[PDB]
Amino acid sequence: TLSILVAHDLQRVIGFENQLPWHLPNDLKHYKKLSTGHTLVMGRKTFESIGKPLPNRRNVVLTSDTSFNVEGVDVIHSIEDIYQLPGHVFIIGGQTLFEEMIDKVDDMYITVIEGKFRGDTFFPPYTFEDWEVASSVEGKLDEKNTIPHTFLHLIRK
Ligand SMILES: NC(=O)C1=CN([C@@H]2O[C@H](COP(=O)(O)OP(=O)(O)OC[C@H]3O[C@@H](n4cnc5c(N)ncnc54)[C@H](OP(=O)(O)O)[C@@H]3O)[C@@H](O)[C@H]2O)C=CC1
Ligand SMILES: COc1cc(-c2c(C)cccc2C)cc([C@@H](C)C#Cc2c(C)nc(N)nc2N)c1
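Just so we're aligned: 81 in the entry's author numbering is position 81 of the sequence shown, and the numbers increase by one with no gaps anywhere.
Encoded structure:
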C-alpha cells in the first residue's frame, strides 16, 4: 500500500526555510511508530535537511542527480520507480513530492497542527468528499507538547 505521512497547520503549512516551523515531540513519536519496518520516500531537499538517516526502515530518496551516491540510502529518479517497491511505502515529503503524490496514494496519515505558523512550503488542498475519515484522534498536551494537534487517518473513497 501507498500512504502519505505529513504534518500541516491550519493553512496546510509544512515547513519554513527547510525545517518544520513548530516542534512537537508527540508528532515525532507518532511519526516514528508507523514508519518502523517499512519504506520511506523523500525529495532530496527533505533528506538534505535531515542528513542523518533513520534506523530500522528503508530510506529512499528521489532525485534526478545520478551523481549523488550517498552511503546507506537507496536512490530513485522517477515516479514509476515508486510503483516497483515491495511492502508498505510512505511519502514523507516535501511539498513538490506531496503535490505529485496526493492523487496516487491509497490513504493519508496527517497530523493536523491546530495553529497558524509562518511557512514557505505547503501541503496541497484536499476536500473531505474524496476522503473517508477512518480515524481522528486528539493529541494530548503536556509541558513538552504545547500545541493542540489531531492525528487523522484519511482513506480515499
Ligand atoms: N511538515 C512535514 O510533514 C514536512 C515538512 N517538510 C518541509 O518541506 C520543505 C521542503 O519542500 P520541497 O522544497 O518540496 O522539498 P522536496 O524534498 O520535496 O524537494 C523536491 C526535490 O525532489 C526531487 N524530485 C521531485 N520530483 C521529482 C521527479 N518527478 N523526478 C526526479 N526528481 C524529483 C527534486 O530533486 P532534484 O532537483 O535533485 O532532482 C526536487 O528538487 C522544507 O521546508 C521542510 O521543512 C518536509 C517533510 C515533511
Ligand atoms: C530527525 O528527525 C527529523 C527531524 C526533523 C526536523 C525537526 C523535527 C525540527 C527541525 C528540523 C528538522 C530537520 C524533520 C524530519 C522530517 C523527515 C519529517 C517529518 C514528518 C513529521 C515530523 N511528521 C509527519 N506527520 N510527517 C513527516 N513527514 C525528521
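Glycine included, C-beta positions come from ideal geometry on N, C-alpha and C.
Among the options, whose alpha-carbon lies nearest the alpha-carbon of residue i?
| i | options | result |
| --- | --- | --- |
| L154 | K144, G115, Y126 and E71 | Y126 |
| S136 | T111, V6, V89 and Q19 | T111 |
| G15 | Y31, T1 and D120 | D120 |
| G139 | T96, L28 and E17 | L28 |
If you run the structure through DSSP and keep just helix, strand and coil, what is residue i?
| i | result |
| --- | --- |
| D81 | helix |
| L152 | strand |
| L40 | strand |
| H30 | helix |
| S64 | coil |
| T46 | helix |
| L10 | coil |
| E132 | strand |
| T96 | helix |
Between residue i and residue j, how many whole angstroms is the CB-CB distance? I'm expecting something under 8 angstroms.
| i | j | result |
| --- | --- | --- |
| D74 | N59 | 7 angstroms |
| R156 | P21 | About 28 angstroms; that fails the 8 angstroms criterion. |
| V13 | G93 | Between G93 and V13 the Cβ distance is about 13 angstroms, and since that is not below 8 angstroms, they are no contact. |
| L62 | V89 | Between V89 and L62 the Cβ distance is about 12 angstroms, and since that is not below 8 angstroms, they are no contact. |
| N69 | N145 | That pair is no contact at about 38 angstroms. |
| residue 166 | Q84 | As displayed, the chain neither begins before 1 nor continues past 157, which places residue 166 out of reach and without an answer. |
Just to confirm my understanding: we take residue i, look at its own chain, exclude 5 residues before and 5 after, and list those with CB closer than 6 angstroms. What are they?
| i | result |
| --- | --- |
| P148 | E114 |
| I4 | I91, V105 and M108 |
| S64 | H77 |
Apart from the five residues just before and just after residue i, which ones in its own chain have a Cβ nearer than 7 angstroms to its Cβ?
| i | result |
| --- | --- |
| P124 | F98, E99 and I102 |
| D9 | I113, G115, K116 and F117 |
| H23 | none |
| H30 | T111 and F151 |
For residue i, which residues in the same chain have their Cβ closer than 8 angstroms to its Cβ, ignoring the five residues on either side in sequence?
| i | result |
| --- | --- |
| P53 | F47, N59, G72 and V73 |
| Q19 | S49 |
| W131 | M108, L154, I155, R156 and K157 |
| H38 | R57, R58, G87, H88, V89 and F90 |
| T1 | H88, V89, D106 and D107 |
For this session: Check whether the stretch 42–54 touches the stretch 131–150, counting contact only when three or more Cβ pairs, one atom from each stretch, lie closer than 8 angstroms.
Result: no
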